[PDB]
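Working notes, beginning with the structure itself.
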Amino acid sequence: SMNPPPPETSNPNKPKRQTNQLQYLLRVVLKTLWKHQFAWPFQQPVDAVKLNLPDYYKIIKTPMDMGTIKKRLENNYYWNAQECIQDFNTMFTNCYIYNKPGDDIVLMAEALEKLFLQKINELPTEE
Ligand SMILES: CC(=O)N1c2ccc(-c3ccc(NC(=O)CCCCCCC(=O)NO)cc3)cc2[C@H](NC(=O)OC(C)C)C[C@@H]1C
């Protein structure tokens, strides 16, 4: 029933870089999604205590949210763009797994994912 610790956003043992693709992911992709009217439920880890969803972290074993992604991008946690893209995809997939089709939260996630894919289709090549 309690919340787990959030995903790691800092780790001195993990290798990291700044790439042009990761810069794009922060400045274009994350910025575009963050200001969407339906972004707010995804801006921090799912608080299963607040929501009284004691099964959330039984069903969802790889939690992810945009607050964590924003911290990882700003803290230069990632090695490459695919690590970040996978985090976004995990966030969407978790929502589709836990919730029913046609739930409001699923409609919200689908709106964000549509924008995400438009922006990722436009991902620049590596410098
Ligand atoms: C992502 C996901 O799958 N879920 C989820 C996750 C988080 C929340 C959620 C998130 C945040 C809060 N409230 C707060 O953090 C307090 C501040 C609210 C926002 C203030 C405005 C702002 O700062 N905007 O940027 C409550 C539920 C609700 C749902 C979903 N519940 C629900 O009623 O979602 C509606 C938004 C449709 C259930 C589900 C488990």
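Just remember, in the structure tokens the first chain shown is A, the second B, etc., residues are 1-based per chain, and ligands are 1-based in the order shown.
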For residue 76 (chain A): contacts at 9 Å, only C-alpha atoms, fewer than 3 positions along chain excluded, given as an NGL selection string: :A and (9-10 or 16-18 or 22 or 71-73 or 79)
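For residue 109 (chain A), the non-local neighbours within 8 Å, defined as residues at least 2 positions apart in the same chain or in other chains and counting only C-alpha atoms, are residues 38, 92, 95, 105, 106, 107, 111, 112 and 113 of chain A.
Of the listed residues A:46, A:97, A:69, A:25, the one whose atoms come nearest to ligand 1 is A:46, with distances taken using only C-alpha atoms and all ligand atoms.
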Residue contacts of region 50-66 of chain A (6 Å, only C-alpha atoms) excluding same-chain residues fewer than 6 positions away, as a PyMOL selection string: chain A and resi 1+42-44+91
Writing out the chosen residues with N, CA, C and O atoms as a PDB file, in the first residue's frame:
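Saved the output as part-v2.pdb:
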ATOM      1  N   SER A   1       0.825  -1.241   0.000  1.00  0.00           N
ATOM      2  CA  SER A   1       0.000   0.000   0.000  1.00  0.00           C
ATOM      3  C   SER A   1       0.848   1.276   0.000  1.00  0.00           C
ATOM      4  O   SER A   1       0.431   2.285  -0.547  1.00  0.00           O
ATOM      5  N   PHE A  42       0.927  13.367 -14.805  1.00  0.00           N
ATOM      6  CA  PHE A  42       2.151  12.683 -15.178  1.00  0.00           C
ATOM      7  C   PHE A  42       3.404  13.439 -14.743  1.00  0.00           C
ATOM      8  O   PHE A  42       4.513  12.995 -15.014  1.00  0.00           O
ATOM      9  N   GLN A  43       3.240  14.553 -14.040  1.00  0.00           N
ATOM     10  CA  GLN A  43       4.378  15.415 -13.669  1.00  0.00           C
ATOM     11  C   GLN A  43       5.145  14.973 -12.419  1.00  0.00           C
ATOM     12  O   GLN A  43       6.096  15.633 -12.008  1.00  0.00           O
ATOM     13  N   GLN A  44       4.719  13.875 -11.802  1.00  0.00           N
ATOM     14  CA  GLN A  44       5.374  13.348 -10.604  1.00  0.00           C
ATOM     15  C   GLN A  44       5.002  11.884 -10.466  1.00  0.00           C
ATOM     16  O   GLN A  44       4.059  11.435 -11.104  1.00  0.00           O
ATOM     17  N   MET A  91       6.234   5.164 -19.259  1.00  0.00           N
ATOM     18  CA  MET A  91       5.195   5.963 -18.626  1.00  0.00           C
ATOM     19  C   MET A  91       3.845   5.746 -19.314  1.00  0.00           C
ATOM     20  O   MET A  91       2.831   5.518 -18.658  1.00  0.00           O
TER      21      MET A  91
END
Residues near residue 123 (chain A), cut-off 10 Å, only C-alpha atoms, skip fewer than 5 positions along chain, as a list in words: residues 20, 21, 22, 24, 25, 28, 29, 81, 117 and 118 of chain A
Between CA of residue 83 (chain A) and CA of residue 126 (chain A) - distance in Å to one decimal: 14.9 Å
Residue nearest residue 45 (chain A) - candidates A:68, A:94, A:75, A:32, atoms counted: only C-alpha atoms: A:68
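Taking CA of residue 48 (chain A) and CA of residue 108 (chain A) as endpoints, the distance between them is 18.4 Å.
Among the candidates A:102, A:67, A:41, A:6, the one nearest to ligand 1 when counting only C-alpha atoms and all ligand atoms is A:41.
Using only C-alpha atoms for every distance, the candidate list A:80, A:3, A:125, A:99 yields A:3 as the residue closest to residue 47 (chain A).
The two atoms in question, CA of residue 100 (chain A) and atom 11 (C, counted along the ligand's line) of ligand 1, are spaced 18.2 Å apart.
Considering the residues A:33, A:120, A:39, A:49 and counting only C-alpha atoms and all ligand atoms, ligand 1 has its shortest atom-to-atom contact with A:39.
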Top pick for closest residue to ligand 1, considering A:82, A:23, A:121, A:93 and counting only C-alpha atoms and all ligand atoms: A:93
